[PDB]
Amino acid sequence: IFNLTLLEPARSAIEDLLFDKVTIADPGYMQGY
Amino acid sequence: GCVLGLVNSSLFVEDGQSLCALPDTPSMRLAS
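The record names cryo-EM as the way this model was obtained, at a resolution of 3.99 Å.

Trainee: Explain the overall build of chain B to me, please; I cannot follow it from the model alone.
Mentor: When its secondary structure is counted, chain B shows zero helices and zero strands. By principal-axis analysis of the C-alpha atoms, chain B measures approximately 20 × 15 × 15 Å.

Trainee: I'm lost on the side chain of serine 9 of chain B in this one. Help?
Mentor: All names here are of chain B. Residue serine 9 is classed as buried on the basis of its relative accessible area of 19%. Separated by 3.4 Å, the side chain of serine 9 and the backbone nitrogen of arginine 29 make a polar contact. Not counting the four nearest positions on each side in its chain, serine 9 is found in contact with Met28, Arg29 and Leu30.

Trainee: Can you help me understand the environment of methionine 30 of chain A in this one?
Mentor: Looking at the element boundaries, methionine 30 of chain A is found in the segment after α1 (13-21). In this structure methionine 30 of chain A comes out as exposed when scored by relative accessible area, which is 51%. With near-sequence residues (within four places) excluded, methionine 30 of chain A lies in contact with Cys2, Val3 and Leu4 of chain B.

What counts, and at which threshold
Residues numbered from 1 in each chain as written, not as in the entry; some residues may be left out. Chains lettered and ligands numbered in written order. Part of a larger assembly, values for the part shown. Heavy atoms only, no water. Residues with missing side-chain atoms left out of burial classes, pairs and counts. Helix = DSSP H or I, 4+ residues; strand = E, 2+ residues; numbered from the N terminus. Buried < 20%, exposed > 50% of the residue type's maximum accessible area, 1.4 Å probe, protein only. Polar contact = N/O pair within 3.5 Å; in protein donor to acceptor, adjacent residues only side chain to side chain. Contact = heavy atoms within 4.5 Å.

The following block contains the structure:
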């Protein structure tokens, strides 16, 4: 441990933005089947 | 096993060959 959107308020806060925006369905693991 | 799916070994956490991902699996004896 100004504006820090990248800093987490799981994963980076900006990471969650981008991953949510773009279409996913990529991780079919463990319960994916 | 249930880290990625049931695995036919007999050891839980012992803290790589990347058997699932982070699991090192140094030998059996997986999930490190």
